[PDB]
Structure formats: structure tokens, C-alpha cells
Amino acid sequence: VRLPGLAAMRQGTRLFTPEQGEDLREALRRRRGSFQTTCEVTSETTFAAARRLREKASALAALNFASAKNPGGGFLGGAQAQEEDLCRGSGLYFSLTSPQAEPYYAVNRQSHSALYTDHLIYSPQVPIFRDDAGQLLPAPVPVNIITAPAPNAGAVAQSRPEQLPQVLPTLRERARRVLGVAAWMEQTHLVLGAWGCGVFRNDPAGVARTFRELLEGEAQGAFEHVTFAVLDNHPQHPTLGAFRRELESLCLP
């Protein structure tokens, strides 16, 4: 008994390949300067912020902090993983397992680099069915989802230390492509966050500054509103705190 909205989502799912990198930058150029971009850092989950923004804006997309190699990351290592949260509360997994998304996983596996490749998946109108607590929503809230894997810094450290200088450059260019996909699909509202900063062991300050520099440069004014929704259950909030400090100059009113 296939849930409503999932067929259209799977059908509409789209693969972006590394060779489309220049078209993704063209999308950014087309959208730059469209808005006086506002942004904020919150302690919300991805879907809580998405649900909040979706009530004001239809053209809303959220970033999935994706595995490169298995849809939903195989649900291994802990449910404290953002992609697992996304796949337990929405139709995302049925999108990520679509046939047209297959090369993302095949090529990333064949790559044998923990930097991974610049494949991205765009899932349109993924219905969110449940809230943060697993309770049913009064109505499913469909959001667009951009799936891209941050480079796996922790794996790089253990296997190819000579590639450690390429982790942040890889992160930066793939983040640019994430924004390019949103620009290509004319998204006005984005939910970003601490991409690569948990399981993949990237430094949160460096990730926050990477997004800030893109929003001040090649992605300047391309979006109407960006929320950095950073779940951080540690009482000292080292990850939320890093994003708040690196993005404060930007996200002031």
C-alpha cells in the first residue's frame, strides 16, 4: 500500500553528475542578486526547520547529510545520524533507491576515495510523515531534498593522510554544487546545517565558514532565506556554537 506522494517523488527524482558542475555554476549566476538574502542559525532538526519554512514558502529544499555508498547509510553506527532521521520520518529512502539515482552509489563505491565524487541526487516533494518524536503529522509536508555526501574526513585520516589538504577544497566545491542544484531548481528557501561534521568528522567551524563564503560570493543573493538548522544535544553545543560564531556577521538583521 504505497503512501501518497511517493510515486511522483520517485518519478521526479533526478541525478546530477560531476560533468554538470559548470551548468550548476551557471544556475548560480542566473540566480545571484535576486534577493536580499536573510539567514539564521537555529538548534532545530532539518525537518523541523523545513516544516517551519514550508508553511511560508513552497520552493523549499533541505540538504541530506548523505552516505556516499548506501542509501540511508545502511542505518549503521547510530540513529543520531541525520540521514537516518530523514529516512525514518519521510519518503526519502524510496527516492534514494530509485533506478536513476543508482549511479550516485555505484560510482561512489567504485571511486575508492573517501573524498567521494560530485554526484548529487535531487528528490522533489519528499513527504515528511512524522515529527522529531516519530509522531504522525496532521498532514504530510512535502519538501525538496538535495542529497550529497560531504568528504569523509575521518576515513581520509585513516587511509590517505596525503589527501587531508583536499578535504576542505572538496567540501567547498561540493557545497557550491549543492547550492547550484537549489538555484537550478529555483529554490528560494534552504535548510542547511553541519554537513559532514558528525559521522564524517569535518570541523564545524570550517564547514560553517565555507557556506558563509559561498553565500557572500558565488551564491550571493541567489536565495531568499537560508536556515542553518543544527541539532546539537550536547549541553555546551560545540557544533551549534561553531555555526553561530562563523555565521553571525552574515545572519545579522
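What we label the rigid core is the largest C-alpha set whose atoms superpose within 1.5 Å from one form to the other. Just count from 1 along the sequence shown to find any residue number.
Stretch with larger C-alpha RMS deviation in 4 other deposited structures of this protein, core superposed, 235-243 versus 18-26: Larger mean C-alpha displacement, comparing 235-243 and 18-26 in 4 other deposited structures of this protein, is found in 235-243.
Which of 185-193 and 54-62 strays further in 4 other deposited structures of this protein - Cα RMS after rigid core alignment: Of the two stretches, the larger average C-alpha offset in 4 other deposited structures of this protein falls on 54-62.
Flanks modelled, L76 absent in at least a third of other entries: It is, since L76 is left out of at least a third of the other entries that model both flanking stretches.
Mean C-alpha B-factor comparison - 146-154 and 84-92, higher one: That would be 84-92.
Stretch with the higher entry mean CA B-factor, where the candidates are 13-21 and 231-239: Higher of the two, by average CA B-factor, is 231-239.
Residue of maximum C-alpha B factor among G206, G198, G193, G221, per deposited coordinates: Reading the PDB entry, the winner on C-alpha B-factor is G206.
Selection from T170, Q163, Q125, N108 [criterion: highest C-alpha temperature factor in the record]: Highest C-alpha B-factor among the listed residues goes to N108.
Assigned third (lowest, middle, highest) for the C-alpha B factor of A114: As the PDB entry reports it, the C-alpha B-factor of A114 lands in the middle third of its chain.
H225 - Cα temperature factor, lowest/middle/highest third of chain: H225: CA B-factor falls in the lowest third of its chain.
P103, C-alpha B-factor rank within chain (lowest, middle or highest third): Its C-alpha B-factor, which the entry lists for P103, ranks in the middle third among residues of this chain.
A57 - Cα temperature factor, lowest/middle/highest third of chain: Its C-alpha B-factor belongs to the highest third of this chain's values.
Chain-relative CA temperature factor third for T42: Middle third by C-alpha B-factor.
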